[PDB]
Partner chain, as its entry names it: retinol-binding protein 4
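Next up is one chain by itself, shown in structure tokens, the form solved without the partner chain.
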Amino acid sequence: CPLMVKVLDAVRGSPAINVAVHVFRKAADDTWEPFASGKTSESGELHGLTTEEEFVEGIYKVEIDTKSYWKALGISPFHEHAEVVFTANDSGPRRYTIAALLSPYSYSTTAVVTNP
């Protein structure tokens, strides 16, 4: 689909499974509106968040609930969640992958944006 999220675990060397991911879109009135959400699969990936028809240009926030993930693994972590804010631009046909690599006191995120 146009938007995928993948989450990896740097402490156990594994995909981060069953992580809640929320996508919000900035609405015309400058509030965050719920856009899509889901939980990562056993490969750490979350597919099927949205469709080409629903995913329009705008400012999006991807919120990953890293706190609940770590607690389910027996870890009480530093961050409340990991979040990523970015603009989706139509200049071409695009697909976005937001990936995050998690540790208890750190995270990395990157975006892969490709043209089909």
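Basically, rigid core = biggest C-alpha set you can superpose within 1.5 Å across the two forms. Shifts are known only where both forms have a C-alpha. Residue numbers count along the first chain shown, from 1.
- Of the two stretches examined, 92-100 and 13-21, the record assigns the greater average C-alpha temperature factor to 92-100.
- As recorded in the PDB entry, 83-91 is the stretch of 83-91 and 55-63 with the greater mean C-alpha temperature factor.
- In the deposited entry, the Cα temperature factor of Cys1 places it in the highest third of its chain's modelled residues.
- Among the modelled residues of its chain, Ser68 has a C-alpha B-factor that falls in the middle third, as given in the PDB entry.
- Annotation for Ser76: C-alpha temperature factor in the middle third relative to the rest of the modelled chain, per the entry.
Same protein, other form: the form solved in complex with the partner chain, not shown, and the subject of what follows.
- Taking the partner from elsewhere, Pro34 is found to have every heavy atom lying beyond 4.5 Å of the partner chain in the deposited complex.
- Taking the partner from elsewhere, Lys39 is found to have every heavy atom lying beyond 4.5 Å of the partner chain in the deposited complex.
- Using a 4.5 Å cut-off on any heavy atom, the residues of 1-37 that reach the partner chain in the deposited complex are, in sequence order, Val11, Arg12.
- Regions where at least three consecutive shared residues each shift by 2 Å or more at the C-alpha between the shown form and the other one, after core superposition, reduce to one span, 73-75.
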